[PDB]
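Chemist: Below is the file model00.txt, which contains compact mmCIF, N, CA and C atoms and all ligand atoms.
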# COMPACT_ATOMS: atom_id res chain seq x y z
N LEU T 7 141.85 64.18 16.59
CA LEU T 7 141.59 62.78 17.20
C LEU T 7 141.71 61.65 16.21
N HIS T 8 142.24 60.49 16.63
CA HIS T 8 142.50 59.36 15.71
C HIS T 8 141.88 58.04 16.18
N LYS T 9 141.44 57.23 15.21
CA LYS T 9 140.83 55.92 15.49
C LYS T 9 141.91 54.87 15.48
N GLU T 10 141.88 54.01 16.47
CA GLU T 10 142.84 52.94 16.59
C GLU T 10 142.06 51.65 16.65
N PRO T 11 142.68 50.58 16.15
CA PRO T 11 142.06 49.31 16.18
C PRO T 11 141.96 48.74 17.56
N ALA T 12 140.91 47.98 17.76
CA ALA T 12 140.85 47.12 18.92
C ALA T 12 139.90 45.95 18.59
N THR T 13 139.86 44.94 19.44
CA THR T 13 138.98 43.81 19.20
C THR T 13 138.19 43.54 20.48
N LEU T 14 136.91 43.26 20.30
CA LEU T 14 136.03 42.95 21.42
C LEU T 14 136.61 41.77 22.17
N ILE T 15 136.72 41.90 23.48
CA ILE T 15 136.89 40.74 24.32
C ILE T 15 135.51 40.38 24.89
N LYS T 16 134.83 41.32 25.53
CA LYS T 16 133.56 41.04 26.21
C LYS T 16 132.78 42.37 26.36
N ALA T 17 131.50 42.36 26.02
CA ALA T 17 130.61 43.43 26.46
C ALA T 17 130.51 43.35 27.98
N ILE T 18 130.50 44.50 28.68
CA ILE T 18 130.34 44.51 30.10
C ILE T 18 129.00 45.08 30.50
N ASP T 19 128.80 46.37 30.34
CA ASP T 19 127.47 46.93 30.54
C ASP T 19 127.25 48.06 29.54
N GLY T 20 126.30 48.94 29.81
CA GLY T 20 125.95 49.95 28.83
C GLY T 20 127.11 50.84 28.38
N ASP T 21 128.05 51.12 29.27
CA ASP T 21 129.11 52.10 28.96
C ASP T 21 130.54 51.60 29.28
N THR T 22 130.69 50.30 29.50
CA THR T 22 132.01 49.67 29.70
C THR T 22 132.09 48.41 28.83
N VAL T 23 133.20 48.31 28.13
CA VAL T 23 133.49 47.17 27.25
C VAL T 23 134.94 46.68 27.49
N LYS T 24 135.15 45.37 27.47
CA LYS T 24 136.53 44.89 27.51
C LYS T 24 136.99 44.64 26.09
N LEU T 25 138.12 45.25 25.76
CA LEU T 25 138.63 45.20 24.43
C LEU T 25 140.10 44.86 24.55
N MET T 26 140.62 44.27 23.49
CA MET T 26 142.06 44.10 23.39
C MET T 26 142.63 45.27 22.62
N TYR T 27 143.57 45.94 23.21
CA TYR T 27 144.13 47.16 22.63
C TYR T 27 145.68 47.07 22.66
N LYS T 28 146.31 47.23 21.50
CA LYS T 28 147.76 47.00 21.36
C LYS T 28 148.15 45.70 22.07
N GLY T 29 147.30 44.71 21.94
CA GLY T 29 147.57 43.36 22.39
C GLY T 29 147.39 43.06 23.85
N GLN T 30 146.89 44.06 24.58
CA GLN T 30 146.60 43.93 26.01
C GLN T 30 145.12 44.10 26.33
N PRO T 31 144.60 43.22 27.19
CA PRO T 31 143.22 43.42 27.61
C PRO T 31 143.08 44.64 28.47
N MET T 32 142.05 45.43 28.23
CA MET T 32 141.80 46.60 29.05
C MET T 32 140.29 46.82 29.16
N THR T 33 139.84 47.31 30.30
CA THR T 33 138.47 47.76 30.39
C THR T 33 138.38 49.19 29.90
N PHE T 34 137.46 49.47 28.97
CA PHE T 34 137.24 50.77 28.38
C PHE T 34 135.90 51.35 28.87
N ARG T 35 135.96 52.54 29.44
CA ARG T 35 134.78 53.28 29.85
C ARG T 35 134.54 54.33 28.81
N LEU T 36 133.31 54.43 28.35
CA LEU T 36 132.94 55.42 27.31
C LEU T 36 133.02 56.81 27.84
N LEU T 37 133.64 57.69 27.08
CA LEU T 37 133.61 59.10 27.43
C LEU T 37 132.26 59.73 27.30
N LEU T 38 132.05 60.75 28.15
CA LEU T 38 130.95 61.73 28.01
C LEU T 38 129.51 61.21 28.23
N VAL T 39 129.38 60.00 28.73
CA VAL T 39 128.07 59.40 28.89
C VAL T 39 127.96 58.63 30.19
N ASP T 40 126.71 58.37 30.59
CA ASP T 40 126.42 57.54 31.73
C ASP T 40 125.17 56.72 31.40
N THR T 41 125.36 55.43 31.31
CA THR T 41 124.21 54.52 31.27
C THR T 41 123.77 54.15 32.66
N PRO T 42 122.51 53.77 32.81
CA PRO T 42 122.06 53.17 34.09
C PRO T 42 122.81 51.90 34.43
N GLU T 43 122.94 51.63 35.73
CA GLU T 43 123.54 50.38 36.17
C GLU T 43 122.56 49.28 35.79
N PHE T 50 123.07 48.07 35.61
CA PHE T 50 122.23 46.99 35.13
C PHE T 50 120.97 46.82 36.00
N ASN T 51 121.13 47.05 37.30
CA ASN T 51 120.03 46.85 38.22
C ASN T 51 118.98 48.01 38.18
N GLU T 52 119.28 49.12 37.49
CA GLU T 52 118.35 50.27 37.45
C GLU T 52 117.50 50.24 36.17
N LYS T 53 116.51 51.11 36.08
CA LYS T 53 115.61 51.08 34.93
C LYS T 53 116.36 51.56 33.68
N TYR T 54 116.10 50.86 32.56
CA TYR T 54 116.86 50.97 31.31
C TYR T 54 118.30 50.43 31.35
N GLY T 55 118.77 49.94 32.52
CA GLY T 55 120.15 49.39 32.58
C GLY T 55 120.32 48.16 31.70
N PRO T 56 119.41 47.18 31.81
CA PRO T 56 119.46 46.04 30.91
C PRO T 56 119.31 46.38 29.42
N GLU T 57 118.45 47.32 29.08
CA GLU T 57 118.28 47.75 27.69
C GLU T 57 119.57 48.47 27.20
N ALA T 58 120.19 49.26 28.06
CA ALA T 58 121.51 49.88 27.74
C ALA T 58 122.61 48.87 27.59
N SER T 59 122.67 47.85 28.46
CA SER T 59 123.68 46.82 28.28
C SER T 59 123.47 46.02 27.02
N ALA T 60 122.18 45.73 26.73
CA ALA T 60 121.74 45.00 25.57
C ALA T 60 122.05 45.73 24.27
N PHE T 61 121.81 47.03 24.29
CA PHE T 61 122.08 47.82 23.14
C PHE T 61 123.59 47.90 22.81
N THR T 62 124.39 48.20 23.81
CA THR T 62 125.85 48.27 23.60
C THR T 62 126.38 46.91 23.19
N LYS T 63 125.87 45.84 23.82
CA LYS T 63 126.30 44.51 23.50
C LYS T 63 126.08 44.18 22.05
N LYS T 64 124.86 44.39 21.58
CA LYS T 64 124.54 44.11 20.18
C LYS T 64 125.42 44.94 19.24
N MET T 65 125.59 46.17 19.59
CA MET T 65 126.31 47.05 18.75
C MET T 65 127.73 46.60 18.59
N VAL T 66 128.38 46.26 19.70
CA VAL T 66 129.81 45.86 19.63
C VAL T 66 129.96 44.43 19.11
N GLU T 67 129.03 43.54 19.44
CA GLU T 67 129.13 42.13 19.01
C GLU T 67 128.84 42.00 17.52
N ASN T 68 127.93 42.82 17.02
CA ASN T 68 127.57 42.77 15.61
C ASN T 68 128.60 43.44 14.72
N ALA T 69 129.47 44.28 15.29
CA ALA T 69 130.36 45.08 14.50
C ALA T 69 131.42 44.20 13.82
N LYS T 70 131.70 44.47 12.57
CA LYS T 70 132.84 43.86 11.90
C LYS T 70 134.17 44.50 12.34
N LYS T 71 134.12 45.78 12.67
CA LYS T 71 135.31 46.57 13.00
C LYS T 71 134.98 47.48 14.23
N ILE T 72 135.74 47.29 15.30
CA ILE T 72 135.68 48.15 16.50
C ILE T 72 136.94 49.04 16.45
N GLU T 73 136.76 50.32 16.71
CA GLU T 73 137.84 51.25 16.86
C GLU T 73 137.69 52.01 18.18
N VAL T 74 138.83 52.35 18.76
CA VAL T 74 138.83 53.31 19.87
C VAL T 74 139.47 54.64 19.44
N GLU T 75 139.00 55.72 20.06
CA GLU T 75 139.49 57.03 19.79
C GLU T 75 139.67 57.74 21.14
N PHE T 76 140.94 58.00 21.54
CA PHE T 76 141.24 58.75 22.74
C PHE T 76 141.02 60.25 22.47
N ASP T 77 140.75 60.99 23.53
CA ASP T 77 140.57 62.43 23.42
C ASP T 77 141.94 63.04 23.77
N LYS T 78 141.96 64.33 24.01
CA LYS T 78 143.23 65.09 24.24
C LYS T 78 143.78 64.96 25.67
N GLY T 79 142.94 64.50 26.60
CA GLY T 79 143.30 64.49 27.98
C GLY T 79 143.68 63.13 28.52
N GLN T 80 143.29 62.87 29.75
CA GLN T 80 143.60 61.57 30.39
C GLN T 80 143.04 60.43 29.60
N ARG T 81 143.87 59.41 29.42
CA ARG T 81 143.49 58.16 28.74
C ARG T 81 143.07 57.02 29.67
N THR T 82 143.41 57.16 30.95
CA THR T 82 142.95 56.23 31.98
C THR T 82 142.28 56.96 33.16
N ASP T 83 141.22 56.37 33.71
CA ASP T 83 140.70 56.89 34.93
C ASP T 83 141.38 56.28 36.20
N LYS T 84 140.91 56.72 37.34
CA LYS T 84 141.54 56.38 38.58
C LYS T 84 141.34 54.90 38.97
N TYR T 85 140.49 54.19 38.23
CA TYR T 85 140.36 52.80 38.34
C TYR T 85 141.23 52.03 37.31
N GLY T 86 142.02 52.70 36.48
CA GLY T 86 142.78 52.01 35.44
C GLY T 86 141.98 51.70 34.18
N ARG T 87 140.75 52.20 34.07
CA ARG T 87 139.93 52.00 32.87
C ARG T 87 140.29 53.01 31.82
N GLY T 88 140.29 52.55 30.56
CA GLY T 88 140.49 53.42 29.41
C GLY T 88 139.37 54.46 29.33
N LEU T 89 139.69 55.66 28.84
CA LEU T 89 138.66 56.67 28.54
C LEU T 89 138.73 57.13 27.06
N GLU T 90 137.65 56.87 26.34
CA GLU T 90 137.66 56.82 24.90
C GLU T 90 136.27 56.94 24.27
N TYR T 91 136.26 57.21 22.95
CA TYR T 91 135.08 57.00 22.11
C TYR T 91 135.22 55.65 21.42
N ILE T 92 134.16 54.86 21.39
CA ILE T 92 134.20 53.59 20.64
C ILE T 92 133.30 53.67 19.38
N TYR T 93 133.81 53.12 18.28
CA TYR T 93 133.07 53.05 16.98
C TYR T 93 132.84 51.62 16.58
N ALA T 94 131.60 51.34 16.16
CA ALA T 94 131.20 50.03 15.67
C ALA T 94 130.80 50.17 14.20
N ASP T 95 131.62 49.61 13.33
CA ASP T 95 131.49 49.88 11.90
C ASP T 95 131.20 51.34 11.61
N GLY T 96 132.03 52.19 12.22
CA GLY T 96 132.02 53.63 11.97
C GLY T 96 130.93 54.43 12.64
N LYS T 97 130.07 53.76 13.39
CA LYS T 97 129.03 54.39 14.22
C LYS T 97 129.50 54.53 15.68
N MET T 98 129.41 55.73 16.24
CA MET T 98 129.88 55.93 17.58
C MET T 98 128.87 55.36 18.55
N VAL T 99 129.34 54.45 19.34
CA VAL T 99 128.50 53.86 20.37
C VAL T 99 128.04 54.94 21.35
N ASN T 100 128.99 55.73 21.87
CA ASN T 100 128.65 56.81 22.80
C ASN T 100 127.43 57.63 22.27
N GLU T 101 127.46 58.03 20.98
CA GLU T 101 126.43 58.86 20.43
C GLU T 101 125.19 58.08 20.30
N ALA T 102 125.28 56.85 19.81
CA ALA T 102 124.06 56.05 19.56
C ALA T 102 123.23 55.77 20.82
N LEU T 103 123.89 55.49 21.92
CA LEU T 103 123.21 55.27 23.18
C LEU T 103 122.47 56.54 23.54
N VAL T 104 123.14 57.68 23.44
CA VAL T 104 122.47 58.96 23.86
C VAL T 104 121.25 59.20 22.88
N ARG T 105 121.48 58.98 21.59
CA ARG T 105 120.41 59.23 20.59
C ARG T 105 119.18 58.38 20.89
N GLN T 106 119.36 57.20 21.49
CA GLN T 106 118.23 56.31 21.80
C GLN T 106 117.69 56.54 23.18
N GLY T 107 118.24 57.49 23.91
CA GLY T 107 117.73 57.69 25.24
C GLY T 107 118.08 56.59 26.21
N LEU T 108 119.20 55.93 25.97
CA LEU T 108 119.71 54.88 26.87
C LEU T 108 120.98 55.33 27.67
N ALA T 109 121.44 56.55 27.41
CA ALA T 109 122.49 57.21 28.21
C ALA T 109 122.22 58.68 28.24
N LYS T 110 122.68 59.29 29.31
CA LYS T 110 122.79 60.73 29.43
C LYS T 110 124.18 61.20 29.19
N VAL T 111 124.29 62.39 28.65
CA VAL T 111 125.56 63.09 28.62
C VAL T 111 126.00 63.34 30.11
N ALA T 112 127.26 63.04 30.43
CA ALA T 112 127.78 63.05 31.80
C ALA T 112 129.29 63.03 31.83
N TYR T 113 129.87 63.42 33.00
CA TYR T 113 131.32 63.29 33.23
C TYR T 113 132.10 64.03 32.13
N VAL T 114 131.64 65.26 31.91
CA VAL T 114 132.27 66.16 30.98
C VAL T 114 133.39 66.94 31.69
N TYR T 115 134.61 66.54 31.41
CA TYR T 115 135.77 67.18 32.01
C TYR T 115 136.53 67.89 30.88
N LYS T 116 136.91 69.15 31.08
CA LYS T 116 137.63 69.90 30.04
C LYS T 116 138.93 69.19 29.60
N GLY T 117 139.20 69.21 28.32
CA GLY T 117 140.31 68.42 27.79
C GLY T 117 140.00 67.04 27.28
N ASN T 118 138.94 66.41 27.81
CA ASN T 118 138.44 65.19 27.23
C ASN T 118 136.97 65.40 26.79
N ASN T 119 136.70 66.42 26.01
CA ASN T 119 135.35 66.73 25.63
C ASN T 119 135.10 67.09 24.17
N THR T 120 135.92 66.56 23.26
CA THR T 120 135.77 66.83 21.85
C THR T 120 134.33 66.63 21.31
N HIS T 121 133.66 65.54 21.66
CA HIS T 121 132.36 65.26 21.02
C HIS T 121 131.19 65.67 21.84
N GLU T 122 131.41 66.53 22.81
CA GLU T 122 130.30 66.98 23.66
C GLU T 122 129.07 67.53 22.93
N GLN T 123 129.25 68.45 22.00
CA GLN T 123 128.14 69.11 21.27
C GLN T 123 127.30 68.12 20.51
N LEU T 124 128.02 67.26 19.78
CA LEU T 124 127.43 66.19 19.02
C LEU T 124 126.53 65.32 19.89
N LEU T 125 127.07 64.87 21.06
CA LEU T 125 126.29 64.10 21.98
C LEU T 125 125.13 64.89 22.58
N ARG T 126 125.33 66.17 22.90
CA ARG T 126 124.21 66.95 23.42
C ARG T 126 123.12 67.08 22.36
N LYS T 127 123.52 67.10 21.09
CA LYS T 127 122.53 67.28 20.00
C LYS T 127 121.64 66.01 19.97
N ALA T 128 122.26 64.87 20.11
CA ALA T 128 121.56 63.60 20.11
C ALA T 128 120.67 63.50 21.33
N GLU T 129 121.16 63.95 22.47
CA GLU T 129 120.33 63.92 23.68
C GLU T 129 119.09 64.77 23.49
N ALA T 130 119.27 65.93 22.90
CA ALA T 130 118.12 66.79 22.62
C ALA T 130 117.07 66.09 21.76
N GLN T 131 117.50 65.42 20.71
CA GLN T 131 116.53 64.74 19.88
C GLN T 131 115.88 63.53 20.59
N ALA T 132 116.66 62.76 21.38
CA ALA T 132 116.09 61.72 22.21
C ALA T 132 115.06 62.26 23.19
N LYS T 133 115.37 63.41 23.79
CA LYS T 133 114.47 63.98 24.78
C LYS T 133 113.19 64.44 24.07
N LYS T 134 113.38 65.00 22.90
CA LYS T 134 112.27 65.49 22.08
C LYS T 134 111.26 64.37 21.76
N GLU T 135 111.79 63.21 21.41
CA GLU T 135 111.01 62.03 21.10
C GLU T 135 110.53 61.29 22.35
N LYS T 136 110.90 61.79 23.55
CA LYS T 136 110.62 61.11 24.83
C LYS T 136 111.02 59.62 24.81
N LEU T 137 112.25 59.32 24.36
CA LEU T 137 112.70 57.94 24.22
C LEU T 137 113.27 57.44 25.53
N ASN T 138 112.87 56.21 25.88
CA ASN T 138 113.45 55.44 26.95
C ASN T 138 113.61 56.25 28.26
N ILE T 139 114.82 56.67 28.62
CA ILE T 139 115.05 57.38 29.88
C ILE T 139 114.19 58.67 29.95
N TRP T 140 113.86 59.21 28.78
CA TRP T 140 113.06 60.43 28.72
C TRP T 140 111.56 60.21 28.53
N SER T 141 111.02 59.03 28.86
CA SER T 141 109.60 58.75 28.56
C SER T 141 108.65 58.89 29.78
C1 LIG E 201 133.47 58.75 32.34
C2 LIG E 201 134.51 59.05 33.37
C3 LIG E 201 134.39 58.50 34.63
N1 LIG E 201 135.32 58.71 35.55
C4 LIG E 201 135.20 58.15 36.92
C5 LIG E 201 134.48 59.18 37.76
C6 LIG E 201 133.63 58.37 38.68
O1 LIG E 201 134.33 58.34 39.98
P1 LIG E 201 133.60 57.72 41.23
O2 LIG E 201 133.58 56.21 41.01
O3 LIG E 201 134.57 58.11 42.28
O4 LIG E 201 132.22 58.22 41.33
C7 LIG E 201 133.45 57.02 37.97
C8 LIG E 201 132.10 56.81 37.28
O5 LIG E 201 132.14 55.63 36.49
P2 LIG E 201 130.87 54.67 36.26
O6 LIG E 201 129.70 55.49 35.75
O7 LIG E 201 131.34 53.61 35.40
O8 LIG E 201 130.60 54.12 37.64
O9 LIG E 201 134.43 56.95 36.96
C9 LIG E 201 136.40 59.56 35.28
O10 LIG E 201 137.20 59.79 36.23
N2 LIG E 201 136.55 60.14 34.08
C10 LIG E 201 135.66 59.92 33.10
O11 LIG E 201 135.78 60.49 31.99
CA CA E 202 127.30 53.92 34.44
Let's see the structure in the file written out as C-alpha cells.

Modeler:
Amino acid sequence: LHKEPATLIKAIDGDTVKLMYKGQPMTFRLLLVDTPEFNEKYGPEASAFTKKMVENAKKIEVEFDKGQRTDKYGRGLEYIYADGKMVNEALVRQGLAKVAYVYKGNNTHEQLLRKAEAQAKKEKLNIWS
C-alpha cells in the first residue's frame, strides 16, 4: 500500500472528508470504520475529532487498499493520515468509531484497527462507556 498526497477541502463528519486528490475534489469515506451520524450520540464528538485532526495536520495523505477505490455513491475508499497518524485508527482508539464495513480485498489494516478497538473498549472510552 502507498501514501498519496491530498489537501483538505472540508471536514464533513466523523468518517467522511472532502479532499482534493490529483487536482479533483472528491468525497473520501474512511475504510474499515463507522462513526455515529452527527445527530446520534458521540456523532458530534466524532466529527469534532476528525475535523481537528485533519485541519491541524500539516500533511494529509490518502492510502488506497487493494480493492475498490470508489463506493456505489462515487465516494473514495481509503485510509487517511494526518502528519503520519492514521485517522481511521485514531478514531477507533478513542472509542469514537467502530470497526465496520470489512470487505475482503479492502482490509489491509483490519487487525491494527481491531487492536485499537480492544484497547478503547478496555478503557470504556466514549462509545464503550
Ligand atoms: C466504508 C464503506 C461503505 N460502503 C457503503 C456501504 C453502505 O451502503 P448503504 O448506504 O447502502 O447502507 C454505505 C455506508 O456509508 P456511511 O456509513 O457513510 O453511511 O457506504 C461501501 O460500499 N464500502 C465501504 O468500504
Ligand atoms: Ca457513518

Chemist: Closest to residue 129 (chain T) among T:75, T:61, T:39, T:20, using only C-alpha atoms?

Modeler: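 Closest to residue 129 (chain T) of all the choices is T:39.
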
Chemist: Pick out the closest residue to ligand LIG 201 (chain E) from this set: T:89, T:18, T:69, T:139. Count all atoms listed in the file.

Modeler: T:89

Chemist: What are the closest atom pairs, with distances in Å to one decimal, for all residues of chain T lying within 8 Å of ligand CA 202 (chain E)? Consider only N, CA and C atoms and all ligand atoms, order rows by chain and residue number, and present the result as a tab-separated table.

Modeler:
residue	atom	partner	partner_atom	distance
T:19	C	E:CA202	CA	7.6
T:20	C	E:CA202	CA	6.8
T:21	N	E:CA202	CA	5.9
T:22	N	E:CA202	CA	7.0
T:39	C	E:CA202	CA	6.4
T:40	CA	E:CA202	CA	4.6
T:41	C	E:CA202	CA	4.0
T:42	C	E:CA202	CA	4.9
T:43	N	E:CA202	CA	5.1
T:50	N	E:CA202	CA	7.3

Chemist: Please find the residues contacting ligand LIG 201 (chain E) at a distance of at most 5 Å between atoms, with only N, CA and C atoms and all ligand atoms counted, and report them as JSON, numbers by chain.

Modeler: {"T": [36, 37, 38, 83, 84]}

Chemist: For each of T:100, T:68, T:123, T:62, take the minimum atom-to-atom distance to residue 24 (chain T), counting only C-alpha atoms, then give the residue where this is smallest.

Modeler: T:62

Chemist: May I have the residues within 5 Å of region 115-119 of chain T as a ChimeraX atom specification, using only N, CA and C atoms and disregarding those fewer than 3 positions away in the same chain?

Modeler: /T:78-79,122

Chemist: Would you mind reading off the distance between CA of residue 138 (chain T) and atom N of residue 59 (chain T), one decimal, in Å?

Modeler: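 Computed distance, CA of residue 138 (chain T) to atom N of residue 59 (chain T), equals 12.0 Å.
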
Chemist: Counting only C-alpha atoms, what is within 10 Å of residue 132 (chain T), bar same-chain residues fewer than 5 positions away, as a list in words?

Modeler: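 Once the nearby chain positions are removed, what remains is residues 103, 104, 105, 106, 107, 108, 109, 110, 126, 127, 137, 138, 139, 140 and 141 of chain T.
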
Chemist: In Å, how far is it from atom C of residue 23 (chain T) to atom N of residue 67 (chain T)?

Modeler: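 According to the coordinates, atom C of residue 23 (chain T) and atom N of residue 67 (chain T) are separated by 10.5 Å.
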
Chemist: Would you work out the distance separating CA of residue 14 (chain T) from CA of residue 73 (chain T), expressed in Å to one decimal?

Modeler: 9.6 Å

Chemist: For the strand (DSSP E or B) assignment from backbone DSSP, which residues of region 13-62 of chain T qualify? Please present them as a ChimeraX atom specification.

Modeler: /T:13-19,22-27,30-36,39-40

Chemist: Could you pull out the alpha helix (DSSP H) residues of chain T, going by DSSP on the backbone, and write them as a ChimeraX atom specification?

Modeler: /T:55-68,99-105,122-134

Chemist: Find the smallest box with edges along x, y and z containing every listed atom of region 118-130 of chain T, then add 8 Å on each side and report centre and edge lengths in Å to one decimal, as JSON.

Modeler:
{"center_x": 128.0, "center_y": 66.3, "center_z": 23.4, "size_x": 37.9, "size_y": 21.6, "size_z": 24.8}

Chemist: For residue 95 (chain T), which of T:133, T:71, T:81, T:63 is the closest residue, counting only N, CA and C atoms?

Modeler: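 Nearest to residue 95 (chain T): T:71.
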
Chemist: Kindly extract all protein, DNA and RNA residues lying within 12 Å of the coordinates (139.9, 42.2, 25.9) given in the file, considering only C-alpha atoms, and supply them as a PyMOL selection string.

Modeler: chain T and resi 12-18+22-34+72+88
